[PDB]
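So the structure is just underneath, and the comments pick up after that.
Quick note: numbers below take in every heavy atom, side chains included, and nothing from hydrogens, waters or symmetry partners. Each chain gets a letter, A, B and so on, in the order its sequence line appears, and its residues count up from 1.
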Amino acid sequence: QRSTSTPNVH
Amino acid sequence: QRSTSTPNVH
Amino acid sequence: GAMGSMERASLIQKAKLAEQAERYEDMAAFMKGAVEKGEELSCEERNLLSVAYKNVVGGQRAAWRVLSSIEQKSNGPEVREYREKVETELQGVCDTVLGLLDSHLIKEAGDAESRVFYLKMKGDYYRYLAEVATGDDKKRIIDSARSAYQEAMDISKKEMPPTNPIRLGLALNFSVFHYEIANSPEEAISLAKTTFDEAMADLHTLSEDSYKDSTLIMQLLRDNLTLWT
Amino acid sequence: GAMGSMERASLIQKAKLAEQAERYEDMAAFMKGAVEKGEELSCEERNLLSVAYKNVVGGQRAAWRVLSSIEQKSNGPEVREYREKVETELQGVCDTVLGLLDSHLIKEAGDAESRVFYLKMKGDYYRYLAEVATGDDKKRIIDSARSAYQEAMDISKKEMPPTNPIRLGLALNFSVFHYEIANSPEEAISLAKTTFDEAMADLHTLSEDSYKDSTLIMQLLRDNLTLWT
Ligand SMILES: *CC(=O)NCC1CCN(S(=O)(=O)c2ccc(Br)cc2)CC1
Ligand SMILES: *CC(=O)NCC1CCN(S(=O)(=O)c2ccc(Br)cc2)CC1
Ligand SMILES: [Cl-]
Ligand SMILES: [Cl-]
Ligand SMILES: [Cl-]
Ligand SMILES: [Cl-]
Ligand SMILES: [Mg+2]
Ligand SMILES: [Mg+2]
Ligand SMILES: [Mg+2]
Ligand SMILES: [Mg+2]
Ligand SMILES: [Mg+2]
Ligand SMILES: [Mg+2]
Ligand SMILES: [Mg+2]
Ligand SMILES: [Mg+2]
């Protein structure tokens, strides 16, 4: 389990 | 729905 | 080539790392280098070669179909231009596979497994070229595909049991050729139905080391028949 | 560049086709060409640029991590060599993004949205370089990342509401920097908790055209806090 950064959207 | 050909395995 | 200085065993080792990494262009490049060493490929290595190039060309086919759909639904030059760019790249990969097959892999020697698999592969990548062809190229590409598949079929019926996965996968792909490229739904349905029924009739020929692959293809044959009926 | 002869509007149009086709290298190349025309990017175009390069570098990061894990679990040169090859390609893409940011995109002018987004992007791609750095490069890369994030944070607190998605996404990524690159779990948890709580406190500032993006990041902030507690 790694830290979640900003994802891709839109 | 398209015809199914041989898939990738292994 | 770019892989010319690397040892064959290191090329194989790196193809397997690239597969684990889902770096399928790299994996294809490594396997091309392996093939160019001039020695025959084992069953495991033929799988690496197959998995790598199918993944590359698969992404290109999916892209081409998306762009082709946009192109026709809009019936500016941008969509046609970009569709042609992907198309040219796809043809370039198919030319590379077909060149490896003719320059290095297809031989009169070797066992029947290898000979059938390469002729099936030759049939497949001509079929991928035929999905995007139009004119005096298109007629001749379809014949080259049908020719390669047919020679593979003749050998496979003579040398392999009816559950053999190369035999099944070849017959599955020849039938998709019939239905989608040759527009012969009856010839497709006849091949698929016969192939499945003969596999069932000789179900006892399943091999301990490949029976999961065999039964997968048999199901895919059934799925295509349900689609086509 | 290779896109030099193509009209800016055609470049944007083809980036959007490439996105639909999931051809993210192409999409990144098209957006680079657009940026090199020298005009500012709209919000929609900044999204294309972001989506394209993040997809490219994301696949490279995932590959690098797979190979790095194999490399360390085996503790022949092949794994290290192939890991270095992917690593060099990743650094090359990060250098390309950072060069576009410094040569073209980051300015003293433009609104605060654009200025914060490019400084966050600069922080991100230095962070991606820092994931694979080691020595006299690694210390200085981490400072360049922290520096870019901090300037982005200062502007965002002064010019944007606490629910703004660039503000939130920046704060989420700065905190991942703290936890993963700077090894400061407390500084990470403090930033994430503060960011989420201030967003909640001023929940009424959600924008009609981006509230789905805002609430997504707020949840991702909560997920990271649960991981880190
Ligand atoms: C052992 C050998 O010669 N090669 C391994 C091959 C992998 C690819 N083919 S195939 O494309 O015919 C095929 C058949 C069935 C499945 Br589930 C997947 C691929 C088989 C032999
Ligand atoms: C309008 C504008 O300036 N650009 C669109 C940007 C897309 C990328 N960022 S972000 O990376 O900060 C982000 C935030 C939230 C999400 Br769900 C995804 C990406 C936002 C502005
Ligand atoms: Cl193009
Ligand atoms: Cl024969
Ligand atoms: Cl390598
Ligand atoms: Cl400011
Ligand atoms: Mg050589
Ligand atoms: Mg050698
Ligand atoms: Mg019209
Ligand atoms: Mg054309
Ligand atoms: Mg120019
Ligand atoms: Mg222009
Ligand atoms: Mg050991
Ligand atoms: Mg190194």
Above 12 or not: heavy atoms from other molecules or residues under 6.0 Å from [atom1] of [X]?
| X | atom1 | value |
| --- | --- | --- |
| C:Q219 | CD | yes |
| C:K193 | NZ | no |
| C:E25 | CD | no |

Given that the side chain runs from C-beta out, which part of [X] has a heavy atom under 4.5 Å from chain B: side chain, backbone, both or neither?
| X | value |
| --- | --- |
| C:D124 | neither |
| C:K120 | side chain |
| C:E44 | neither |
| C:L221 | neither |

Item checked: Note, C:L227 side chain near B:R2 side chain (heavy atom, < 4.5 Å) ->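 They are not in contact (no side-chain heavy atoms under 4.5 Å apart), so the answer is no.
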Margin query: With heavy-atom distances below 4.5 Å as the criterion, would you say the side chains of B:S5 and C:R127 are in contact?
Written below: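 A side-chain contact under 4.5 Å exists here.
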Checklist line | Polar side-chain atom of C:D213 near backbone of B:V9 as donor-acceptor pair, under 3.5 Å | finding: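 Not at all, since once roles are kept as given, no pair shorter than 3.5 Å links the two residues.
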Next item on the list: Test B:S3 against every option in C:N224, C:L220, C:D223 by the side-chain contact (heavy atoms from CB on, under 4.5 Å) rule and name the one that passes.
Entry: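 Of all the options given, the one that passes is C:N224.
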Item checked: Euclidean distance, C:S50 OG relative to B:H10 NE2, rounded to 0.5 Å ->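 Those atoms lie 13.0 Å apart.
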Next item on the list: Taking all non-hydrogen atoms of both residues into account, name the closest pair between B:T4 and C:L172 and its distance.
Entry: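 Minimum heavy-atom separation between B:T4 and C:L172: O-CD1, 3.4 Å.
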Item checked: Heavy-atom pair of closest approach, residues C:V51 and B:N8 ->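 The pair with the smallest heavy-atom distance is CA-OD1, 3.4 Å.
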Checklist line | Check: B:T6/C:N173 side-chain N/O donor and acceptor closer than 3.5 Å | finding: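 The answer is yes; a qualifying pair exists.
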